[PDB]
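The first residue in the sequence is number 1, and the count goes up from there. Excluded from the calculations below are hydrogen atoms, water molecules and symmetry mates; all remaining heavy atoms, backbone and side chain alike, are included.
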Amino acid sequence: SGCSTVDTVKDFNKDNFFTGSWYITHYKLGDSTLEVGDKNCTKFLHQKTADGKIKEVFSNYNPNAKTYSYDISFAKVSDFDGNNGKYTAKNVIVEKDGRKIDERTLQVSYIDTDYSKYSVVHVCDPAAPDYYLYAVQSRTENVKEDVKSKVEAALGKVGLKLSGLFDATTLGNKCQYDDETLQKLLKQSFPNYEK
């Protein structure tokens, strides 16, 4: 019980992964049937800087409530497990302006990625294992048709199929992403979490 350990991408290229932005297209969150409050449109921006810091800023938009939530993962190259796509991050839930609301530790496991199109991840809180997430992620709002099977294989490894996940792209026509806040918080200094 607790957080599941999943095999991860071998030879993780941080520099090509932690650049630009990603969209979360499909996902499973916990064991229970998904409620409308957990049906969100998520986009995140990240960056790895020379100092070795990794930073990821999430915009989570719930079309049903027309509300945004924001969180930021902070990590350092030295939090990664060797050369695998695996690491621990301090994830902070924040307001638009970056004020801390709550914080937790996440274990992030990249099951697979080709860097330029898609990634498949497992995220889990070692202190709240009932909060686990398997997610499909894309450089575009939809996963590009020509990698749909390369993705479905990855999900295969973890006992899942794409159709077995919430398709966030059913929200699409109502999906919104707070690019302004994303850009602003990425640049913004967080001395309580940097280092």
Side-chain angles (χ1 to χ4, degrees), residues 4 6-9 12-13 16-47 54-73 85-87 89 91 93 106-125 131-183 185-186:
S4 297
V6 310
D7 289 42
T8 52
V9 171
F12 197 55
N13 192 325
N16 295 124
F17 191 85
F18 296 109
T19 196
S21 69
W22 295 92
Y23 297 86
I24 300 180
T25 56
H26 307 73
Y27 63 86
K28 174 179 178 187
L29 177 74
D31 289 321
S32 273
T33 189
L34 205 62
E35 290 170 8
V36 67
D38 300 323
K39 296 185 172 179
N40 298 289
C41 306
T42 290
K43 177 175 184 187
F44 55 111
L45 276 184
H46 45 210
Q47 65 168 22
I54 284 75
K55 183 171 174 179
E56 330 191 53
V57 180
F58 300 79
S59 172
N60 310 307
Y61 177 78
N62 186 276
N64 179 74
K66 288 196 183 69
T67 45
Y68 282 98
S69 71
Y70 309 97
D71 63 280
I72 311 179
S73 287
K86 181 178 172 53
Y87 65 107
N91 179 264
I93 297 175
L106 302 176
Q107 309 178 355
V108 186
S109 306
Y110 278 95
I111 296 147
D112 186 42
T113 190
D114 68 6
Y115 300 94
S116 53
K117 293 186 178 181
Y118 78 89
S119 50
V120 178
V121 76
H122 168 261
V123 181
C124 189
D125 186 343
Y131 171 82
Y132 72 88
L133 168 73
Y134 284 102
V136 177
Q137 310 181 141
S138 177
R139 295 301 202 175
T140 48
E141 299 186 25
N142 309 266
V143 358
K144 196 178 183 299
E145 199 284 336
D146 60 35
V147 294
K148 294 213 71 69
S149 78
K150 205 165 306 182
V151 159
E152 197 128 23
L155 295 170
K157 170 202 132 44
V158 292
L160 293 172
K161 285 187 292 294
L162 194 55
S163 54
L165 301 187
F166 170 69
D167 182 351
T169 78
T170 54
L171 296 170
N173 32 326
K174 298 189 181 180
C175 280
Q176 293 287 327
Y177 308 98
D178 196 348
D179 296 294
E180 173 186 289
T181 303
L182 285 176
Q183 280 147 26
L185 296 177
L186 185 76

Original post:
For the ring pair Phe44 and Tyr23, is the centre-to-centre distance below 6.0 Å?
Top reply: no
Original post:
What pairs with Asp167 under salt bridge (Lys or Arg N to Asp or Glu O under 4.0 Å), at least two apart in sequence or on another chain?
Top reply: none
**OP:** Supply the atom-to-atom distance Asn64 CG to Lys39 NZ, rounded to the nearest 0.5 angstrom.
**Re:** 9.5 Å
Subject >> Counterpart residues, ring-ring contact (aromatic ring centres under 6.0 Å, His included), relative to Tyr87 (two or more places apart) >> reply: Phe18, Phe80
**OP:** Evaluate whether atom NZ of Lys150 has more than 12 neighbouring non-hydrogen atoms of other residues, nucleotides or ligands under 6.0 angstrom away.
**Re:** no
Original post:
Is the NZ atom of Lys174 crowded by more than 12 outside heavy atoms at less than 6.0 Å?
Top reply: no
**OP:** Taking all non-hydrogen atoms of both residues into account, name the closest pair between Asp71 and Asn91 and its distance.
**Re:** OD2-ND2, 2.7 Å
Original post:
Run the side-chain contact (heavy atoms from CB on, under 4.5 Å) check on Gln47 and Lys55 step by step: do they pass?
Top reply: CA-CA 6 Å; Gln47 65 168 22; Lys55 183 171 174 179; 4.2 Å; yes
Subject >> Spacing of CD1 belonging to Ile72 relative to CG belonging to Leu186, to within rounding of 0.5 Å >> reply: 8.5 Å
Original post:
Out of curiosity, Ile111 CD1 to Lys86 NZ, how far, rounded to the nearest 0.5 Å?
Top reply: 10.5 Å
**OP:** Might you work through the ring-ring contact (aromatic ring centres under 6.0 Å, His included) test for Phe58 and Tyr70, ending with a clear yes or no?
**Re:** CA-CA 5 Å; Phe58 300 79; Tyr70 309 97; over 10 Å; no
Original post:
Can you tell if the side chain of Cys41 reaches within under 4.5 Å of the side chain of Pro63, non-hydrogen atoms only?
Top reply: yes
Original post:
Are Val120 and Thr113 close enough that some pair of their side-chain heavy atoms sits under 4.5 Å apart?
Top reply: no
**OP:** Show your working on side-chain contact (heavy atoms from CB on, under 4.5 Å) between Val147 and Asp114 and close with a plain yes or no.
**Re:** CA-CA 9 Å; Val147 294; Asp114 68 6; 4.0 Å; yes
Subject >> Shortest non-hydrogen separation from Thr140 to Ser138 and the atoms involved >> reply: O-OG, 2.9 Å
Original post:
Going through the checks in order, is the side-chain contact (heavy atoms from CB on, under 4.5 Å) test met by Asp146 and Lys117?
Top reply: CA-CA 10 Å; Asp146 60 35; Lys117 293 186 178 181; 2.8 Å; yes
**OP:** Report the residues that fulfil ring-ring contact (aromatic ring centres under 6.0 Å, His included) with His26, sequence neighbours left out, ordered by chain and then residue number.
**Re:** none
Original post:
Between CG of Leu29 and CD of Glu35, what distance do you get to the nearest 0.5 Å?
Top reply: 10.0 Å
Original post:
How many angstroms lie between atom CG of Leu133 and atom OG1 of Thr42, to the nearest 0.5 angstrom?
Top reply: 8.5 Å
Subject >> Value rounded to 0.5 Å, distance of CG in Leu160 from CD in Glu152 >> reply: 10.0 Å
Subject >> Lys43: partners by salt bridge (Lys or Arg N to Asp or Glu O under 4.0 Å), with sequence neighbours left out >> reply: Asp179
Subject >> Closest non-hydrogen atom pair, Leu182 against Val57 >> reply: CD2-O, 3.2 Å
**OP:** Please report the shortest heavy-atom distance between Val121 and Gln137, naming the atom on each side.
**Re:** CG1-OE1, 3.7 Å
**OP:** Can you sort out the partners of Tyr134 under ring-ring contact (aromatic ring centres under 6.0 Å, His included), two or more places apart, ordered by chain and number?
**Re:** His122, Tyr132
**OP:** Assign the ring pair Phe166 / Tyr27 to parallel, tilted or perpendicular, where the plane angle (0 to 90°) is split at 30° and 60°.
**Re:** perpendicular
Original post:
After noting the C-alpha distance and the side-chain angles of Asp112 and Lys157, does the key distance pass the salt bridge (charged side-chain N to carboxylate O under 4.0 Å, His left out) rule?
Top reply: CA-CA 10 Å; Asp112 186 42; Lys157 170 202 132 44; over 6 Å; no
**OP:** Determine, stepwise, if the pair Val143 / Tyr118 fulfils side-chain contact (heavy atoms from CB on, under 4.5 Å).
**Re:** CA-CA 7 Å; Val143 358; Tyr118 78 89; 5.6 Å; no
**OP:** Spell out, as yes or no, whether a donor-acceptor pair under 3.5 Å connects the side chain of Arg139 to the backbone of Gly20.
**Re:** no
Subject >> Heavy-atom closest pair, residues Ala89 and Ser73 >> reply: CB-CB, 4.1 Å
**OP:** Spell out, as yes or no, whether a donor-acceptor pair under 3.5 Å connects the side chain of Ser59 to the backbone of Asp178.
**Re:** yes
**OP:** List in chain and number order the residues that pass side-chain contact (heavy atoms from CB on, under 4.5 Å) with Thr67, two or more places apart in sequence or in another chain; answer none if no residue qualifies.
**Re:** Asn62, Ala65
**OP:** Give the C-alpha distance, both sets of side-chain angles, the deciding distance and a yes or no for ring-ring contact (aromatic ring centres under 6.0 Å, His included) between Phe17 and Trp22.
**Re:** CA-CA 10 Å; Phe17 191 85; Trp22 295 92; 4.9 Å; yes
Original post:
Do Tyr177 and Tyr61 make the cut of ring centroids closer than 6.0 angstrom?
Top reply: no
